[PDB]
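> This structure is in structure tokens; I'll ask about it shortly.
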Amino acid sequence: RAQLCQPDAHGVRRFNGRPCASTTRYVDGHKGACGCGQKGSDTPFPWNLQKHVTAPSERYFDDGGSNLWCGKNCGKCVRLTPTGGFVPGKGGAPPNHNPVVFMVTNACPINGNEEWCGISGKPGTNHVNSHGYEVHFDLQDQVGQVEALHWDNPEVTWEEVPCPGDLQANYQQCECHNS
């Protein structure tokens with residue numbers, strides 16, 4: 000039993016009263032779905048390749064919608080706390096459970112990401128991915144920032160939190176700020 004979040008009666012994996020999320024890591028160097036780079040280019044700001052930023056699964060990204068540009072939840076921050084769990088054969092147990100806050104700067108569309116991001120409703124609607132999670136966070140790893148956490152697709156609990164001030168200031172230069 001590598002996944003430590005138990006499905007509830009509605010199939011949603013939870014831990015100690017809190018919703019769980021799956022995670023992966025990605026690299027692609029695109030500007031991304033929140034416009035976090037100079038307008039009209041596909042060039043991300045360096046901070047959006049370097050910092051703790053995420054591409055959530057589509058239905059969370061756009062709060063139930065299908066918009067992949069300036070999704071409703073662009074610029075939100077989420078605190079992710081490892082449980083010690085992972086999906087068997089698709090991750091491992093991390094060295095510690097220190098929480099980490101990530102800012103939403105991109106989207107993980109359903110299209111091309113069925114296993115992890117194929118979730119057909121937003122959190123609260125009891126729709127889950129193929130591993131039983133209501134939401135997925137793909138974590139930017141271009142400069143090894145997730146490798147430095149030693150996170151190998153950990154299972155986490157998730158919640159929205161106010162963004163740290165540096166991330167809030169970064170987001171102000173994304174094109175989707177005030178969209």
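What the sequence shown shows, in the deposited numbering, is residues 0 to 178, in sequence order. Just so you know, even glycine gets a beta-carbon here, dropped at the ideal spot from N, CA and C.
(1) With burial defined as no fewer than 16 other Cβ atoms inside 10 Å of the residue's Cβ, what is the status of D62: buried or exposed?
(2) Just the Cα atoms here: how many angstroms apart are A147 and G10?
(3) Give me, in chain order, the residues of the same chain whose beta-carbon lies closer than 8 Å to that of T82; leave out the 5 immediate sequence neighbours on both sides.
(4) Counting only runs that start and end within the region 28-94, where is the alpha helix (DSSP H) found for 4 or more residues in a row?
(5) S56 and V134: beta carbons closer than 9 Å?
(6) Starting from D140, trace the alpha helix (DSSP H) in both directions and tell me its first and last residue.
(7) Tell me, which residues are paired with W157 by DSSP?
(8) Given that a residue counts as buried once 16 or more other Cβ atoms are within 10 Å of its Cβ, and exposed if not, what is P45?
In terms of the structure at hand:
(1) Working through the sequence shown from its first residue, we reach residue 62 at position 63. Under this definition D62 is an exposed residue.
(2) Residue mapping note: residue 147 aligns to position 148 of the sequence shown, counting from 1. Residue mapping note: residue 10 aligns to position 11 of the sequence shown, counting from 1. Approximately 32 Å between the Cα atoms of the pair.
(3) Counting from one through the sequence shown, the residue named residue 82 turns up at place 83. If you ignore the 5 residues before and after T82, its C-beta comes within less than 8 Å of the C-beta of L3, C4, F14, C19, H96, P153, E154, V155, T156, all in its own chain and listed in chain order.
(4) 46-49, 57-60
(5) Start at 1 with the first residue of the sequence shown, and residue 56 comes out as number 57. Start at 1 with the first residue of the sequence shown, and residue 134 comes out as number 135. Taking 9 Å as the cut-off, the Cβ atoms of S56 and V134 count as close.
(6) Counting from one through the sequence shown, the residue named residue 140 turns up at place 141. For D140, no alpha helix (DSSP H) segment is defined, and its DSSP state is neither H nor E.
(7) Here residue 157 is taken as the residue at index 158 of the sequence shown, counted from 1. Paired residue(s): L79.
(8) As a working note, residue 45 is residue 46 in the sequence shown. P45 is exposed by the Cβ-count criterion.
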